[PDB]
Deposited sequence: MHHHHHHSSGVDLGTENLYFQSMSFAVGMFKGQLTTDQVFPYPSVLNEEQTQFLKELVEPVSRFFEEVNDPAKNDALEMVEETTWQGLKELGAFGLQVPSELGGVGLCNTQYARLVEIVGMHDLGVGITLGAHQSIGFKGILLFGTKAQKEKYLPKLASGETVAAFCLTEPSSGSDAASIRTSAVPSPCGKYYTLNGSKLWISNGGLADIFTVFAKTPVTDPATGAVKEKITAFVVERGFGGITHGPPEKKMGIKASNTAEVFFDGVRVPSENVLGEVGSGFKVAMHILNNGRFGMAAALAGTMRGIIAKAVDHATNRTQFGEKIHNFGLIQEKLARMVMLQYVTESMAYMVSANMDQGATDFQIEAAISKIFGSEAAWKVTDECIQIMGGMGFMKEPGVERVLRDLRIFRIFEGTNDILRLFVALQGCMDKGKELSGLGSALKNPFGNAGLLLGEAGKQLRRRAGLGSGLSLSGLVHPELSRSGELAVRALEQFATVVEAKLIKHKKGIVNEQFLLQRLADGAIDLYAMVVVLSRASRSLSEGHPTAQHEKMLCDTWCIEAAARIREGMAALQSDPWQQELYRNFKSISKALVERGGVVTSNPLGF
């Protein structure tokens, strides 16, 4: 049985081991060590890094770049014996939130390096590969890049065309292709590269093309890159095309098993995924301070504007989004640290939620600031520009919603299918969070359980209706993913606030209020959303019309109607 809450909720189960009580994973020595790192990392970003300058220069300033190498920032999760800082996922989350608060451009360059660029060596490396490569990766002497995307292939990784052909001797592969929009592509000396290779079936010998992952050194020869791409935001992060022309890659540089490269890619992206929410929780914390400062000090209509309801609601909504995001990030990191093997749905939810939350929070900060928010000097517009890409890379949020919905449906579908399987021989809910949620949160706990039942009822009905065809019911899948996102958000804040109440933390009553306020509205979204899927007779009309309207646009090449004058 899966220990994943998200897997369980699609089946109408409460599987709470990875959610309650809100996890604590650090020992006393890890806690003290982390404290001694937070201080210097924070001072570095406060005193040495200049995010506006990096944005203006479209690169990280050299003194900052060298300082980050010295700080250990290129190898935070590399074991100390291999030249790194040796942090676990929860410790890493804490430092990533500092970087996210201060400079997302620096954040993406460091994350492209270690969250995904050489992460596969950490996850799948042999002892030889780890010992050869990790020390110089950790010091930043060799920068890394994750090389998957191609001109033809972004969301559909399985469709990549870069190829790696084995030598007759078996000693090397010859790699040919090009990769697109690679973070650090122009800086990296080590590339994790995904390429199609012929793979022999162990039983029959039949050869089939499958993806294999490779660790590639720039020094192998035949590797060049294009000029830095100009983009809306994260301008300090290098993004370049990378070209592989007749590159000889030693057979011992295969990462994992030949033909298992798609799995390697997906595991890397999954493993790294919590880091986005961690970073963005930090972004939001800094942005909220800016908005609150503005609202505290701006007089309009005879009062400071924090005295007006419209501003109060904006600020309240911002902090709820920050708290949910941060709670998700640390829950997933803790689950990883505690040895969870099934967290992919939760990680995807955290990425979707955190990226969209940070976008909304920063957009509302601009609105609170008024005309000032649109100006360059305050720096908020720079953060908005940086944020836009987080909804697109590391899995587009649209594809991640489909993933969440289909992955959640999978085990329920399997159960349902098992029902009518056996041959005929003719010849002879009770669900509750009582005891897990703190008593002061019992009502919100009940809202969550009722919402879970509503959700699971629709999941079952739609799987019975659509069976394996549900994969093509995208309008429905997006709406189920949204239910799933809100349900996980509810339980994560219920868990966090419950622990705060049980432990008598000083902010526990404020957290209770954040949780209750979040849960009232999330429960209503799930109720209304599930009713729209199950019992609304106009929902199918909407779906038919979305398809018809879009078809008409495509036939025309744009808007079909003229303006009212007709010309």
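Engineer: How would you write out the unmodelled ranges of the deposited sequence, numbered from 1?
Structural biologist: Those stretches are 1 to 20, 449 to 468, listed in order.
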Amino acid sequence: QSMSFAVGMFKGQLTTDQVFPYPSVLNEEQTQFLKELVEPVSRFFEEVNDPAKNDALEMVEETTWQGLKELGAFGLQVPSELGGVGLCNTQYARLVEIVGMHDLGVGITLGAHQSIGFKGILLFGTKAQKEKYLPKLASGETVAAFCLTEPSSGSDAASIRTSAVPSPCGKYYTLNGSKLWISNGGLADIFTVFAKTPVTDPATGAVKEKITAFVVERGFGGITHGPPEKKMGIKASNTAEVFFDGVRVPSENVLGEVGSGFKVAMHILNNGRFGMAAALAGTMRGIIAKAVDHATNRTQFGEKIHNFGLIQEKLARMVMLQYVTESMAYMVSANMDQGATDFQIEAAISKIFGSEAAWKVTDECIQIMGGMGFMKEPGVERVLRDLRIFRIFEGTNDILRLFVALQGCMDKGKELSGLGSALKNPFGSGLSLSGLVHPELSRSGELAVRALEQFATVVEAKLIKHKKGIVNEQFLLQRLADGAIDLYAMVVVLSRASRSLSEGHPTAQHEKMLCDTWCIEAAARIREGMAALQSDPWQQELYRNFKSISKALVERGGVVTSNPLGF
From here on, numbers count along this sequence of modelled residues.
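Engineer: When the C-alpha temperature factors are averaged for each of 257 to 265 and 419 to 427, which stretch ends up with the higher value in the entry?
Structural biologist: So the stretch with the higher mean C-alpha B-factor is 419 to 427.
Engineer: Between 475 to 483 and 462 to 470, which has the higher average C-alpha B-factor in the PDB entry?
Structural biologist: Stretch with the greater average CA B-factor: 462 to 470.
Engineer: From the list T239, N89, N307, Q322, select the residue with the highest C-alpha B factor recorded in the entry.
Structural biologist: Of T239, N89, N307, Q322, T239 has the highest C-alpha B-factor.
Engineer: Which one of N270, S327, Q367, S355 shows the biggest C-alpha B-factor in the PDB entry?
Structural biologist: By C-alpha B-factor in the record, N270 ranks first.
Engineer: Can you work out whether the C-alpha temperature factor of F10 puts it in the lowest, middle or highest third of the chain?
Structural biologist: Highest third of the chain for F10's C-alpha B-factor.
Engineer: Using the temperature factors of the C-alpha atoms in this entry, rank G72 within its chain: lowest, middle or highest third.
Structural biologist: It falls in the top third of the chain.
Engineer: Just say lowest, middle or highest third for the CA B-factor of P202 relative to the other modelled residues in its chain.
Structural biologist: According to the entry, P202 has a C-alpha B-factor in the chain's highest third.
Engineer: For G107, does the deposited CA B-factor place it in the lowest, middle or highest third of the chain?
Structural biologist: Middle third - that is where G107 ends up once the chain's C-alpha B-factors are sorted.
Engineer: Which third of the chain does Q534 land in by C-alpha B-factor: lowest, middle or highest?
Structural biologist: It belongs to the highest third of the chain when residues are ordered by C-alpha B-factor.
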